[PDB]
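Trainee: Take this structure, written in structure tokens, and hold onto it; I'll ask about it next.
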Amino acid sequence: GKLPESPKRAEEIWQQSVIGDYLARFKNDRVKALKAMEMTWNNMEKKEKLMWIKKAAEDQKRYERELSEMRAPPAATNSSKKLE
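Basically the working numbering = 1-based index in the sequence shown + 4.
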């Protein structure tokens, strides 16, 4: 990959997903923005929280490929085979 951003499953997919509109409403609502997201997150129980995990956890797979670049000893000489 290149650069591992490393999501956060729940707080990641969702926060970045909502915080944008929450921070927008008051142009820096973060204080109340990040909260509206936090409370509403637990207010939904396993429904939101958990499932939010996989959203960014499923996305976290995209980040894994980042560091992965360095964690591929047999993927940069043997699998790539520098030969035509």
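Note that the Cβ used here is the ideal one computed from N, Cα and C, for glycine as well.
To the nearest whole angstrom, what separates the beta carbons of residue 63 and residue 23, a pair I think is in contact under 8 Å?
Mentor: With a Cβ gap of about 16 Å, residue 63 and residue 23 do not count as contacting.
Trainee: Please report the distance separating the alpha-carbon of residue 29 from that of residue 15.
Mentor: Rounded to the nearest angstrom, the two C-alpha atoms are 20 Å apart.
Trainee: Evaluate residue 41 with the Cβ neighbour count: other Cβ atoms within 10 Å of its Cβ, from every protein chain shown; 16 or more gives buried, anything less gives exposed.
Mentor: That one is buried.
Trainee: So, residue 12 versus residue 60, is the Cβ gap smaller than 8 Å?
Mentor: Closer than 8 Å, so yes.
Trainee: Quick check on residue 28: does DSSP put it in helix, strand or coil?
Mentor: In the structure shown, residue 28 sits in a helix (DSSP, three-state: H, G or I).
Trainee: Starting from residue 63, trace the alpha helix (DSSP H) both ways and give me its first and last residue.
Mentor: Unbroken alpha helix (DSSP H) run through residue 63: 52-72.
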